[PDB]
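> Before anything else, here's the structure in question.
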Amino acid sequence: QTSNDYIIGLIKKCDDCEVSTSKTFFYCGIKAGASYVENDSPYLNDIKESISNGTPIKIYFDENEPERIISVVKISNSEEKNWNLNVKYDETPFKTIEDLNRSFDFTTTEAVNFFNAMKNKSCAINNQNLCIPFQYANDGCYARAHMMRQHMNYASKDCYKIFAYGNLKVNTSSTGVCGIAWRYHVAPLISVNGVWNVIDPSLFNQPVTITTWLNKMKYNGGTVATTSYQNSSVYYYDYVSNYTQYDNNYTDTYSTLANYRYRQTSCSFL
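To convert, take the position in the sequence shown, counting from 1, and add 12; that gives our numbering.
Shown next, in the form of structure tokens:
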């Protein structure tokens with residue numbers, strides 16, 4: 013088995029995943045969705061060793077089944093250095109909404125135009141280099157949010173990132189049931205007439221309130237454990253460990269957009 017689908021990062025055991033005597037579930041790097049490896053896989057011990065040492069590794073995924081780990085391999089010293097250079101452990105500065113209230117300000121129509129402009133960059137609508145894979149719900153929220161941030165900044169606007177964490181579940185099907193499960197989700201957050209609005213074309217067709225955004229992620233008994241607010245420069249943030257990843261040159265963003273460019277949402281449950 014071969015694949016061009018890899019990432020470099022930490023692996024964590026998935027505690028609240030489906031019980032199985034044949035598969036073991038993990039979270040790889042900063043993916044919002046779980047992966048798994050077969051229990052008889054000759055790489056399972058490499059995964060465990062990586063967890064014990066708390067070090068990043070390269071993980072390859074089945075090109076026909078993106079959730080499935082087909083191998084892992086130790087990374088080089090330069091790969092490890094480059095990975096470490098984007099990592100910080102630090103508390104989020106922001107604990108409340110009032111903290112955000114201190115360019116971040118959009119008019120109502122500025123917000124709507126921006127939303128629409130981002131929606132039109134979807135790979136499903138305009139398939140081209142750097143298109144944003146809104147059509148692929150399983151993963152990639154971190155890169156979609158960071159790319160939206162870049163486009164904002166070009167117009168001299170900025171945002172915060174809102175992260176939700178928990179047993180997140182959404183129904184992506186308009187007609188029936190195409191359920192997707194996440195450990196977290198992130199989207200840009202902008203100020204419109206003094207109300208913070210989430211900009212998430214992967215879930216909505218317009219700017220919405222935080223409450224509306226969070227409520228979407230409680231499908232089929234889904235729950236939100238907590239949320240975190242972050243500077244837009246923050247690519248990923250783990251509220252439990254304070255793990256913080258930056259992507260200042262949009263290297264990982266571009267790589268992720270490209271990886272998911274042609275992917276279609278795969279229903280986690282039916």
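No residue lacks a Cβ here, since even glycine has one placed at the ideal position from N, Cα and C.
Using 8 Å for Cβ pairs, my map puts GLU91 next to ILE20. What's the rounded Cβ distance?
6 Å
> Excluding the five sequence neighbours on either side, which residues of its own chain have a C-beta within less than 7 Å of the C-beta of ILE82, listed in chain order?
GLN13, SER15, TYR72, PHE73 and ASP74
> Have a look at the DSSP bridge pairing and note the partners of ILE71.
The partner list for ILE71 (beta bridge, DSSP) reads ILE19 and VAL84.
> Can you tell which of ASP28, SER186, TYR18 and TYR101 has the C-alpha that lies nearest to the C-alpha of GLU77?
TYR18
> Would you kindly work out how many angstroms separate the C-alpha atoms of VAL220 and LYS133, rounded to a whole number?
Taking the straight line joining both Cα atoms gives about 19 Å.
> If you compare alpha carbons, which of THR33, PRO68, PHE38 and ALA270 is closest to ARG80?
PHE38
> Look up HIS158 in the DSSP assignment and give the residues it is bridged to.
Beta-bridge pairing links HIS158 to no other residue.
> Out of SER32, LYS24 and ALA44, which one is the CA nearest neighbour of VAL198?
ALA44
> Between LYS181 and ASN232, is the Cβ-Cβ spacing less than 8 Å?
The answer is yes: Cβ separation under 8 Å.
> I need the DSSP call for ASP212, collapsed to helix, strand or coil.
coil
> Leaving out five residues on either side along the sequence, give the residues of the same chain with a beta carbon under 8 Å from the beta carbon of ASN138.
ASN132
> If we require 3 or more residues per run, which beta strand (DSSP E) segments fall completely within the segment 231 to 277?
235 to 243, 246 to 249 and 255 to 258
> Counting Cβ pairs closer than 8 Å, one from the segment 47 to 63 and one from the segment 197 to 217, do we hit at least three?
Taking 8 Å as the limit for Cβ pairs, the verdict is that the segment 197 to 217 does not touch the segment 47 to 63.
> Among the candidates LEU22, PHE126, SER244 and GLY178, whose CA atom is the shortest distance from the CA of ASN65?
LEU22
> Smallest Cα separation from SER185: which of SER278, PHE116 and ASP28?
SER278
> Considering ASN183, what are the terminal residues of the beta strand (DSSP E) in which it resides?
172 to 183
> With distances taken Cα to Cα, identify the nearest neighbour of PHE106 among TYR241, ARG273, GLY152 and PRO200.
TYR241
> Using 8 Å as the Cβ pair cut-off and three pairs as the minimum, do the segment 254 to 270 and the segment 155 to 175 touch?
yes
> Which word fits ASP264, buried or exposed, when buried means at least 16 other C-beta atoms lie within 10 angstroms of its C-beta?
Per the 10 Å Cβ criterion, buried.
> By the 10 Å Cβ neighbour count, where 16 or more other Cβ atoms means buried, how is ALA136 classified, buried or exposed?
Looking at its Cβ environment, which holds fewer than 16 other Cβ atoms inside 10 Å, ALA136 is exposed.
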